[PDB]
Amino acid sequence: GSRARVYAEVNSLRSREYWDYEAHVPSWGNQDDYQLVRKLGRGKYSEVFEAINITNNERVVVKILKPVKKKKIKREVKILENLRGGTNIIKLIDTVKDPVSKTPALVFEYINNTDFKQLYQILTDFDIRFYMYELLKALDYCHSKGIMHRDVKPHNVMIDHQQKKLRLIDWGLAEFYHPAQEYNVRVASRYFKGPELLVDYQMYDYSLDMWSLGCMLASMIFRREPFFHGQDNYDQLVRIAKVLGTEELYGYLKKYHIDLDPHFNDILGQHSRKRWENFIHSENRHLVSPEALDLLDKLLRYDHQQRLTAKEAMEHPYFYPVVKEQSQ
């Protein structure tokens, strides 16, 4: 099977209530305290608004949750509440309901997000390190809290590039990691889906997020965003395999006794593992360092279990400038 190398027992060592989100009973505050100001976005299961808490004028984000089973709501809420105070995890300010419809909404702290599409083409090397480190803090935090985000992607990484403030948002796909639990591979967003998802390996873990983060890192340092630009989940793996190599994919599959969806036979082709330096060009050269590549190489590994953990990634020399700057 497969087990997270870290935080594999977080949840089992905690009270069941910590992870038994289905048993979680949110205290649903009154959404009437919030004035929706503007739609910020809409997901499959929610719409998100900038809002003002009219009681204290606090600008917040209200994520109005769509008619999904309350299980997923409880999951997100419980996860968010478990992650409360987690570094760079979006702060769930409150769980509120329209007091009449009882439609639940999550109130999050407001972040002035810098559009990642533009941001990622202008990040400096240090910025990337900085933000990746910030994101890793969130991931290490949530992983340490027994939670996989499972949808790490730029759209879920709010970066206020003015305040250098990063929040990992949208915990709606997040799940508690329980060793040996088989999870839905229909998580994350295509370009950020780890190979494990793409090969329907359900016994994944926090390291899925590290793949996604690796994808983000790759996109940031290489400025190819998304870095692995699959046209669909199949092609996503092909795109990955075109970089990480098909023999390496097969070794991964073999290690986890994964058999490919046979549809991959006629599309994976045969691809040598590419040197990450292959992605360096004049316009990203300044973002790419051996340390970045080494880190990336250790994140974008098929073998989810061999990917760096968030903490390991944070410990990677690539972030030394950030840590050094953090201290000094």
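Note that residue numbering begins at 1 and tracks the sequence as displayed. In this text, the rigid core denotes the largest set of C-alpha atoms whose superposition between the two forms falls within 1.5 Å.
Q) Between 87-95 and 190-198, where do the CA atoms move more in 6 other deposited structures of this protein, taking the root mean square over the structures and residues after a core fit? A) Between 87-95 and 190-198, greater C-alpha deviation in 6 other deposited structures of this protein belongs to 87-95.
Check your understanding: in 6 other deposited structures of this protein, superposed by the rigid core, which stretch departs further from the shown form in CA positions, 150-158 or 114-122?
Key -> Per-stretch check in 6 other deposited structures of this protein: the more divergent one is 114-122.
*Is residue 42 missing in a third or more of the other PDB entries that were compared?*
Looking at the other entries that model residues on either side of it, residue 42 is missing from at least a third.
Select between 236-244 and 133-141 the stretch whose C-alpha atoms have the higher average B-factor in the entry.
236-244 has the higher mean C-alpha B-factor.
Higher-B stretch (mean Cα B-factor, as the entry records it), 88-96 or 253-261 = Taking the mean B-factor of the alpha carbons in each, 253-261 is higher.
key: Most elevated Cα B-factor in the entry, residues 82, 207, 231, 219   = In this record, 231 carries the highest C-alpha B-factor of the candidates.
Quick one: which of 293, 299, 267, 51 has the biggest Cα B-factor according to the entry?
-> Among 293, 299, 267, 51, the highest C-alpha B-factor in the entry belongs to 267.
For residue 213, return the chain-relative third of its C-alpha B-factor as stated in the PDB record: lowest, middle or highest. Lowest third - that is where residue 213 ends up once the chain's C-alpha B-factors are sorted.
Lowest, middle or highest third of the chain for the C-alpha temperature factor of residue 16?
It belongs to the middle third of the chain when residues are ordered by C-alpha B-factor.
### Query
Which third of the chain holds residue 192 when residues are ordered by C-alpha B factor: lowest, middle or highest?
Tercile = lowest for this residue's CA B-factor.
Among the modelled residues of this chain, does the Cα B factor of residue 75 put it in the lowest, middle or highest third? Middle third by C-alpha B-factor.
Exercise for review: Can you work out whether the C-alpha temperature factor of residue 155 puts it in the lowest, middle or highest third of the chain?
Suggested key: Its C-alpha B-factor, which the entry lists for residue 155, ranks in the middle third among residues of this chain.
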